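K.L.:
Protein sequences, first through last, are from chains F and S. As numbered in our numbering, the first sequence has no gaps in its residue numbers, which increase by one up to the final residue, 295. As numbered in our numbering, the second sequence has no gaps in its residue numbers, which increase by one up to the final residue, 295. Backbone N, C-alpha and C fix where the C-beta goes; we use that ideal spot for every residue, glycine too.
2 protein chains.
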Amino acid sequence: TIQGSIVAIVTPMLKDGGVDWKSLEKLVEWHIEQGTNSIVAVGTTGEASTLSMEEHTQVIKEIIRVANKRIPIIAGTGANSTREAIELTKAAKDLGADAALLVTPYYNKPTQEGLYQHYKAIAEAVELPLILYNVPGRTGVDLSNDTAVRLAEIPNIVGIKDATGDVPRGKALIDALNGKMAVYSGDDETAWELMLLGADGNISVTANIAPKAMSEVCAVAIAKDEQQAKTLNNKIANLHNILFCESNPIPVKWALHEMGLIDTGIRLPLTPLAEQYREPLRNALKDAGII
Amino acid sequence: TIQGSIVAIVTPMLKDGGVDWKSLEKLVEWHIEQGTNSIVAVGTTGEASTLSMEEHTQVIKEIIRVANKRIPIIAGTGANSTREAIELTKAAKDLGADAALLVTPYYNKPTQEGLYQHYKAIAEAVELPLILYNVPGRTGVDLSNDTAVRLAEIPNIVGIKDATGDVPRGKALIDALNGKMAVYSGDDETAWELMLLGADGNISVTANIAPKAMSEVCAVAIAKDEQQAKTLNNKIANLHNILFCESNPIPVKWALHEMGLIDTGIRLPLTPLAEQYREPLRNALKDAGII
Ligand SMILES: N[C@@H](CCCC[NH3+])C(=O)O
Numbered sequence: 005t006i007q008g009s010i011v012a013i014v015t016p017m018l019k020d021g022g023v024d025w026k027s028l029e030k031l032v033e034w035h036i037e038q039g040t041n042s043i044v045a046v047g048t049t050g051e052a053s054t055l056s057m058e059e060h061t062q063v064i065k066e067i068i069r070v071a072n073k074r075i076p077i078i079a080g081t082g083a084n085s086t087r088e089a090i091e092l093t094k095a096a097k098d099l100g101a102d103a104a105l106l107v108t109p110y111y112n113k114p115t116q117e118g119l120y121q122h123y124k125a126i127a128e129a130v131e132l133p134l135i136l137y138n139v140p141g142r143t144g145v146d147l148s149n150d151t152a153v154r155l156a157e158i159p160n161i162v163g164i165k166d167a168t169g170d171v172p173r174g175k176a177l178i179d180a181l182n183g184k185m186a187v188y189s190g191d192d193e194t195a196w197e198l199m200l201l202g203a204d205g206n207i208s209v210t211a212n213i214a215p216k217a218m219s220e221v222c223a224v225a226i227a228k229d230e231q232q233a234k235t236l237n238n239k240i241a242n243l244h245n246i247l248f249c250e251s252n253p254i255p256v257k258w259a260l261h262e263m264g265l266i267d268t269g270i271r272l273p274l275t276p277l278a279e280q281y282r283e284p285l286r287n288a289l290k291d292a293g294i295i
Numbered sequence: 005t006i007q008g009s010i011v012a013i014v015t016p017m018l019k020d021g022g023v024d025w026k027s028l029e030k031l032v033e034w035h036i037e038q039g040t041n042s043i044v045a046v047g048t049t050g051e052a053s054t055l056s057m058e059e060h061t062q063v064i065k066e067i068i069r070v071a072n073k074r075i076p077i078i079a080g081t082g083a084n085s086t087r088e089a090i091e092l093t094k095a096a097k098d099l100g101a102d103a104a105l106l107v108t109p110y111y112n113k114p115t116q117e118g119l120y121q122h123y124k125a126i127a128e129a130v131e132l133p134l135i136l137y138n139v140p141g142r143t144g145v146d147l148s149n150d151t152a153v154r155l156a157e158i159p160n161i162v163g164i165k166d167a168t169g170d171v172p173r174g175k176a177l178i179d180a181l182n183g184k185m186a187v188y189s190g191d192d193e194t195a196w197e198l199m200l201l202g203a204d205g206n207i208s209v210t211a212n213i214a215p216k217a218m219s220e221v222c223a224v225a226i227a228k229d230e231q232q233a234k235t236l237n238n239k240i241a242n243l244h245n246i247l248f249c250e251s252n253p254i255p256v257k258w259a260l261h262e263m264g265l266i267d268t269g270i271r272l273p274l275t276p277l278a279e280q281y282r283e284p285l286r287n288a289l290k291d292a293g294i295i
């Protein structure tokens, strides 16, 4: 039911690295007016890793407040500890977020059965719609289609963000399920295809800088208009590629700065996009008529 | 510079998950008696990611209490947040820890420059000897040899735990460092090889169950006695392989329990060793002469 273009929104920061509230505000508002269907707050793109547990709440809150029940808001609440994921998700519900996006425990390489217990534990512990999130490159673990299918049986595990970028594997996953649980693309570059094949939307990085263009791509692809999907997406294909020239959200945060929407702030270990990539990015934003 | 067998000690747990403090005390004591040269408290093998920050400090404190200055104690204090890492390293220092082990930020894929700035910051904020820790398979990031050689310039970055298991890569690491910082194997299977090549020690998982064996293996290898190193290590070579049949620390914990040294406790997402593996493990243990 949460469908379409879901922006994994960045957490804007001041030069000193403090959360720039106002700029955030302008973003949420801007997204809600440009077409964006929903927002993921404090996810990878929103630097969940470098924000204190209180900044998580405060940031999730500001966004829910500004949204004003207009679009659903999803809170990033994954962690590699189960007790702690349960806490974050609970706080997400209590803040009245519509859903929680939980990445697979990273770094500790839990087994498939563990991933199963992990997610089942959280689902039983909190009464909120949960979305699984697989992105092996970052986590060290790969939630198997099989396991995901196993979890689809739990009534409040309602979806999964597949960031593999592996299309065949994604179609297999969509078919293996039924509307048992939704599938969301996590790979901007292949998202249009995943959606043409059944995926219910795209938790996008690109949406941070091309919300209207991405809204239109998702609507059209979910509708199965392959021709128009390839064409609307083509006008922003390069972006998907170059917004990853360095680890997300590094490039997207600079792109935004090059749009006067946010400030250079970004927390270590992350760093401001390297000089070397800046012009190629400015160029990318022009070629695509973004600025 | 710490040399020898450095055990990545497990954090003993009671059935319900609480830290088994009595067992921990005895393990530490057993290690010093068996020949263990140093202990890494709350590292990966010690379930650092599922322990409370307070449990984290308490474990460090306890181990330093029991060791009673007889061996140096290394505290794992890595985090994917620079602020968080500094906080945790400051605490370890204040707790009396001889040095800290910091895994590269995981999940958020910082850049090489980012890894450099990350470690430089922690080094400048805390005056405690620091040891870098690279294990790409778990972190999603790979601290290159070039970056390690840069960080080796910094006065209090004394060493690097190389868990790649890529010996030729380790040969290049050690040759390029020109002694600026020590190198430790983070891969039990190849550890004796890295040491013969120049590595100062092994931050070992196997030492958890074969402390005296790994202790003489380390001494001999560091002494550059290639035949004694090979034949001593051969005795417990199957152990190095089977302690990873499932993600560490799942296997080692079960090993200790079969040795009747600890209870079955282990926190989620981690799970107790899958049934099918428990028998082959006991056989490995029996064959090795541990039971
Ligand atoms: N990198 C891991 C390997 C364990 C997982 C192998 N199945 C460690 O030694 O901490």
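Considering only C-alpha positions, which residue in the set 279(S), 267(S), 225(S), 191(S) is nearest to residue 243(S)?
P.N.:
With distances taken between Cα atoms, residue 243(S) lies closest to 191(S).
K.L.:
Check whether the Cβ atoms of residue 120(F) and residue 161(F) sit closer than 8 angstroms, and answer yes or no.
P.N.:
No, the pair does not count as a contact, with Cβ atoms beyond the cut-off.
K.L.:
Contact defined as beta carbons within less than 8 angstroms: I believe residue 63(S) pairs with residue 107(S). What is the distance between those atoms, to the nearest angstrom?
P.N.:
Not a contact, Cβ separation roughly 17 angstroms.
K.L.:
Candidates 93(F), 133(F), 155(F): which alpha carbon is nearest residue 118(F)'s?
P.N.:
Nearest of 93(F), 133(F), 155(F) to residue 118(F), Cα basis: 155(F).
K.L.:
Within its chain, find whatever has a CB closer than 7 angstroms to the CB of residue 153(F); leave out the 5 residues flanking it on each side and keep chain order.
P.N.:
So the qualifying residues of the chain are 180, 181.
K.L.:
Does the beta-carbon of residue 209(S), which I'm using as the reference point, lie nearer than 7 angstroms to any heavy atom of ligand 1?
P.N.:
Yes, Cβ of residue 209(S) sits closer than 7 angstroms to a heavy atom of ligand 1.
K.L.:
Among the candidates 109(S), 52(S), 260(S), whose CA atom is the shortest distance from the CA of residue 145(S)?
P.N.:
The option with the nearest alpha carbon to residue 145(S) is 109(S).
K.L.:
Using a Cβ-Cβ cutoff of less than 7 angstroms, which residues in the same chain neighbour residue 178(F) once the five nearest sequence positions on both sides are dropped?
P.N.:
For residue 178(F), where only same-chain residues beyond five positions count, the Cβ hits under 7 angstroms are 187, 201, 202, 203.
K.L.:
Identify the residues that DSSP records as bridge partners of residue 17(S): which are they?
P.N.:
BP columns for residue 17(S) point to 23(S).
K.L.:
In angstroms, rounded to a whole number, what distance separates the CA positions of residue 185(F) and residue 164(F)?
P.N.:
When rounded, the distance between both Cα atoms is 8 angstroms.
K.L.:
Any Cβ of chain F within less than 8 angstroms of the Cβ of residue 282(S)?
P.N.:
So no, residue 282(S) is outside the interface.
K.L.:
Going by beta-carbon coordinates alone, are residue 70(S) and residue 40(S) separated by less than 8 angstroms?
P.N.:
Contact flag unset, no.
K.L.:
Just checking, does the region 272-288 of chain F make contact with the region 242-262 of chain F on the three C-beta pairs under 8 angstroms criterion?
P.N.:
Short answer: they touch.
K.L.:
In chain C, which residues lie less than 7 angstroms from residue 65(F) when you measure between Cβ atoms?
P.N.:
Included in the structure are the protein chains F and S, with no chain C among them.
K.L.:
Whole alpha helix (DSSP H) runs in the region 164-242 of chain S with 4 or more residues, listed along the chain?
P.N.:
The qualifying runs are 171-181, 195-201, 215-226, 230-239.
K.L.:
I'd like to know whether the C-beta atoms of residue 102(S) and residue 67(S) end up nearer to each other than 8 angstroms.
P.N.:
Taking 8 angstroms as the Cβ cut-off, residue 102(S) and residue 67(S) do not qualify as a contacting pair.
K.L.:
Check distances from the C-beta atoms of the region 104-125 of chain F to those of chain S and list, in chain order, the residues that come in under 7 angstroms.
P.N.:
So the close ones are 109, 110, 111, 112, 113, 114, 115, 117, 118, 119, 121, 122, 125.
K.L.:
For residue 173(F) and residue 195(F), I'd like the C-alpha separation in whole angstroms.
P.N.:
The alpha-carbon atoms of residue 173(F) and residue 195(F) are separated by roughly 13 angstroms.
K.L.:
Compare the C-alpha of residue 254(F) against each of 112(F), 240(F), 7(F), 14(F) and name the closest.
P.N.:
Taking only the C-alpha atoms, the option nearest residue 254(F) is 14(F).
K.L.:
At 9 angstroms on the CB atoms, spell out the chain F contacts of residue 212(S), in chain order.
P.N.:
Ordered by position in chain F, no residue passes the 9 angstroms Cβ test against residue 212(S), which lies about 17 angstroms from the chain.
K.L.:
When you check each C-beta in the region 44-59 of chain S against every C-beta of chain F, which residues fall closer than 7 angstroms?
P.N.:
Flagged, chain order: 53, 54.
K.L.:
Consider the Cβ of residue 278(F): report whether some Cβ of chain S lies at a distance smaller than 8 angstroms.
P.N.:
Chain S, which has a Cβ nearer than 8 angstroms to the Cβ of residue 278(F), makes this yes.
K.L.:
According to DSSP, simplified to helix, strand and coil, what is residue 50(S)?
P.N.:
Here residue 50(S) sits in coil by DSSP.
K.L.:
Quick one: which unbroken beta strand (DSSP E) runs of 3-plus residues sit fully inside the region 110-156 of chain F? Chain order, please.
P.N.:
Entirely contained in the region 110-156 of chain F, the beta strand (DSSP E) runs reaching 3 residues are, in chain order, 134-138.
K.L.:
So what's residue 277(S) in DSSP terms, helix, strand or just coil?
P.N.:
Of the three classes helix, strand and coil, the one that applies to residue 277(S) here is coil, per DSSP.
K.L.:
Taking residue 19(S) and residue 269(S) to be in contact with their CB atoms under 8 angstroms, please state how far apart those CB atoms are, rounded to whole angstroms.
P.N.:
With 8 angstroms as the limit, residue 19(S) and residue 269(S) qualify as a contact, their Cβ atoms being about 6 angstroms apart.
K.L.:
Residue range of the alpha helix (DSSP H) that residue 105(S) falls in?
P.N.:
Taken as a continuous stretch (DSSP letters only), residue 105(S) belongs to no alpha helix (DSSP H), being part of the beta strand (DSSP E) at 103-107.
K.L.:
Closer than 8 angstroms, CB to CB, is residue 69(S) near chain F or not?
P.N.:
So, not an interface residue.
K.L.:
Can you tell me which of the three DSSP states residue 36(F) falls into?
P.N.:
DSSP places residue 36(F) in helix when its eight states are reduced to three.
K.L.:
Would you call residue 53(S) buried or exposed, if buried means 16 or more other Cβ atoms sit within 10 Å of its Cβ?
P.N.:
Result: buried.
K.L.:
What do you reckon, is the C-beta of residue 139(S) under 7 angstroms from a heavy atom of ligand 1?
P.N.:
Checking the Cβ of residue 139(S) against ligand 1 gives yes.
K.L.:
For residue 85(S), which residues in chain F fall below 7 angstroms Cβ to Cβ?
P.N.:
Neighbours of residue 85(S) on chain F, chain order: 53, 54.
K.L.:
Is it true that the CB of residue 272(S) sits closer than 8 angstroms to the CB of residue 95(F)?
P.N.:
No, these two residues do not count as a Cβ contact at 8 angstroms.
K.L.:
Only counting runs of 4 or more residues, tell me where the alpha helix (DSSP H) segments fall wholly within the region 70-100 of chain S, in order along the chain.
P.N.:
Fully enclosed alpha helix (DSSP H) runs of 4 or longer: 86-98.
K.L.:
Taking all protein chains shown into account, decide if residue 42(S) is buried (16 or more other Cβ within 10 angstroms of its Cβ) or exposed.
P.N.:
Buried, since its Cβ has 16 or more Cβ neighbours within 10 Å.
K.L.:
Would you tell me roughly how many angstroms separate the C-alpha atoms of residue 234(F) and residue 250(F), rounded to the nearest one?
P.N.:
Straight-line Cα distance between these residues: approximately 26 angstroms.
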